[PDB]
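Quick notes on the structure that follows.
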Amino acid sequence: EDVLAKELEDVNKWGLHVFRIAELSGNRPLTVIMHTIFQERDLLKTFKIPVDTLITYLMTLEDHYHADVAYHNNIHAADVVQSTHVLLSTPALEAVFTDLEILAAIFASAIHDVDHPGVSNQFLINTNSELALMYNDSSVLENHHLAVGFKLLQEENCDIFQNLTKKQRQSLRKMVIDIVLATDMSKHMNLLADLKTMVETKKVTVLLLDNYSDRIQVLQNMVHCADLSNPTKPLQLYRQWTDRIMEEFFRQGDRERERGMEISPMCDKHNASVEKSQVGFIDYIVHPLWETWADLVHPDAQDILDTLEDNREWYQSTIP
Amino acid sequence: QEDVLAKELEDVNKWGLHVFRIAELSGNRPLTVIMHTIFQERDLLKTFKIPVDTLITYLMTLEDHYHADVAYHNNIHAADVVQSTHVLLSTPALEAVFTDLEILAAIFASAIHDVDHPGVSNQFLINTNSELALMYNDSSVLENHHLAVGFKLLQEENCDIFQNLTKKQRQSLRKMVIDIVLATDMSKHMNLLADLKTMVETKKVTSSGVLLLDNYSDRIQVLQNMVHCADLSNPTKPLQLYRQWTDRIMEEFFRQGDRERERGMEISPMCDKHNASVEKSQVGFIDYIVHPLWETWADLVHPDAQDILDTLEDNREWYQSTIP
Ligand SMILES: COc1cc2c(cc1OC)[C@H](Cc1c[nH]c3ccccc13)N(C=O)CC2
Ligand SMILES: COc1cc2c(cc1OC)[C@H](Cc1c[nH]c3ccccc13)N(C=O)CC2
Ligand SMILES: [Mg+2]
Ligand SMILES: [Mg+2]
Ligand SMILES: [Mg+2]
Ligand SMILES: [Zn+2]
Ligand SMILES: [Zn+2]
């Protein structure tokens with residue numbers, strides 16, 4: 001409680017003790033961290049959001065993250081939110097984003113995985129799930145996360161946007177949808193190609209982004225970087241995230257094995273190589289993304305990129 | 001009554017089928033009887049081992065999920081798009097181009113393409129914060145819903161008309177049907193037309209004179225545009241059919257506009273019954289949407305569609321003549 005507030009002073013820092021915060025807050029890290037960031041950024045006054053409404057929505061949203069899902073739960077959501085919060089403060093992006101864009105990114109991060117069942121889009125498609133039937137096999141989870149996140153605003157005393165105009169609401173809604181849909185990993189390559197294009201064409205004084213298309217692309221990549229930030233965190237945090245994602249993957253592979261389905265990559269507990277998978281994850285996905293991001297905001301991401309490279313070196317050394 | 005119905009269904013291969021008569025003669029089952037006729041005409045029940053009782057049960061359930069109280073986006077419209085697609089599939093320039101599975105996908109897509117349509121636009125559903133727009137994140141709201149319903153109904157009792165397809169066949173058909181129905185969203189029309197024009201300008205024809213389509217992207221693009229053209233085919237039909245479609249779309253538009261007016265919203269284009277110009281709206285629809293599309297389709301299959309294009313141009317002249 002007093003240690004809880006002590007831990008929350010590192011809210012602007014990469015490496016926040018999120019698991020400690022989750023424990024101290026009574027499994028409410030999403031709520032407390034979101035509340036802290038909103039205060040820190042003066043968003044409640046800027047958007048005239050009533051404190052009780054905020055808390056009420058946050059707790060309801062946090063309740064819709066599954067507590068029996070090892071990785072895609074409220075701790076992950078809190079982590080992405082806080083990570084986004086830090087990336088938004090990158091010096092190279094000063095004066096780029098409007099206040100509504102900042103609120104959109106943070107809100108998008110909070111709801112980006114809500115009601116995740118702990119199985120992949122491909123699993124949902126292959127089991128002819130109700131979700132895949134509703135969403136026609138296209139960004140199935142991500143469409144559902146958005147629909148739940150927005151539907152919860154309609155609950156009693158949960159409309160945190162009640163004092164925004166209809167136009168501001170309509171603009172925020174579009175931005176949030178665009179950002180969350182971009183967290184679908186099947187979109188990673190296209191996103192990264194666009195981020196690369198922007199880096200080669202970049203104008204700076206600090207980054208100068210005149211049109212909406214470029215600005216949303218940056219926000220999309222930012223939240224995607226935040227979603228894929230575990231290997232860039234201090235190793236003690238990273239290893240906990242690896243344990244959780246492997247537990248979730250293995251539970252999926254157990255359901256697949258029981259059903260007689262082909263077991264998804266990295267999901268077979270009888271045949272896994274956790275460490276080799278992490279090095280390959282970093283080499284082919286996480287480092288290309290964060291290296292391109294670091295170029296965009298050169299040199300503000302340096303410490304983050306240094307940690308990622310230290311962690312890749314350590315995981316490689318655990319392979320005999 | 002059944003004799004006359006049968007007589008009328010002999011015209012199923014013809015542009016200008018008496019679809020409103022068939023709707024009455026069949027007891028408001030035009031979608032069921034026209035789909036059944038086309039499946040028999042194309043031997044699809046035999047090819048895909050579809051039990052006839054399963055086909056009829058699914059068709060009647062699908063048809064039930066069109067709204068009988070919506071003036072335009074109802075089972076008659078669905079039946080019309082199905083039949084129009086069936087005629088377009090038979091164009092000489094496409095002989096032996098598409099597989100039986102692709103033919104099945106295009107016809108099935110047409111049948112389900114507007115199922116459970118509430119008679120209001122995507123923009124109306126978004127602006128009124130509807131449950132549908134909340135479910136689908138404001139993106140192809142209606143068309144995603146039409147797909148979800150059309151596929152879900154296959155799971156009802158004795159409704160799985162695809163029960164004897166292989167797994168790979170079902171997977172391929174599902175993807176093609178989704179790609180086709182999503183392309184009926186009018187917000188995709190400009191890009192879709194732009195693409196079709198690019199294909200026309202670079203088209204390859206085989207030694208028999210038919211279209212050469214040797215990759216999924218080009219194949220699905222043709223089927224997408226084919227169904228879109230069928231969806232936008234009312235002004236290409238004989239005038240007595242076209243005028244009835246215009247009467248119906250304007251009733252539906254006016255009812256949406258009444259809802260908008262009551263709610264204080266800006267009335268959508270063509271939806272104000274106090275400030276409507278039905279004739280000018282048809283000429284604009286043809287000039288900026290329907291003729292650009294059909295002239296490009298006619299170019300793709302040249303000269304197969306020349307009579308259809310000639311009718312479109314005659315109907316544009318007629319509507320224009322009513323203005324002065
Ligand atoms: C801590 O480590 C991880 C964390 C996460 C993943 C993988 C990790 O480690 C291999 C995967 C990423 C992913 C999606 N498709 C893929 C295909 C190949 C490789 C990775 C992925 N995630 C979700 O499912 C995000 C979190
Ligand atoms: C018979 O006449 C019609 C039939 C149809 C439409 C318009 C017609 O006549 C103006 C509209 C086309 C349309 C969609 N958004 C638009 C925006 C502007 C103009 C047209 C459209 N449809 C559905 O909504 C399809 C059927
Ligand atoms: Mg996700
Ligand atoms: Mg009905
Ligand atoms: Mg439609
Ligand atoms: Zn996530
Ligand atoms: Zn239609």
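When reading the values below, keep in mind they use all heavy atoms of this one structure, side chains included, and skip hydrogens, waters and symmetry mates. Throughout, a chain's letter reflects where its sequence line sits, starting with A, and its residues are numbered from 1. Atoms within a ligand are numbered from 1 in the order they appear, just like the ligands themselves.
Within a 6.0 Å sphere centred on NZ of A/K174, other residues, nucleotides and ligands contribute 12 heavy atoms or fewer.
Among the atoms of B/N75, none of the N, O or S atoms falls under 2.8 Å from the Mg ion (ligand 4). The Zn ion (ligand 6) has an N, O or S atom of A/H76 closer than 2.8 Å.
In this structure, A/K233 forms a cation-pi arrangement with A/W14, its terminal cationic atom sitting closer than 6.0 Å to the ring centre and no more than 45° off the ring axis.
Taking the Zn ion (ligand 6) as reference, A/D227 places its N/O/S atom OD1 nearest. The Mg ion (ligand 5) lies closest to atom OD1 when only the N/O/S atoms of B/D114 are considered. Nearest N, O or S atom of B/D64 to the Mg ion (ligand 4): atom O.
Relative orientation of the A/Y71 and A/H76 rings is tilted, given thresholds of 30° and 60° on the angle between their planes.
Between the side chain of B/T85 and the main chain of B/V82, no donor-acceptor pair closer than 3.5 Å is present. Between the B/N74 side chain and the B/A68 main chain, no donor and acceptor come within less than 3.5 Å of each other.
The Zn ion (ligand 6) lies at the vertex of an angle of 80° between the NE2 atom of A/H112 and the OD2 atom of A/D113 (rounded to 10°).
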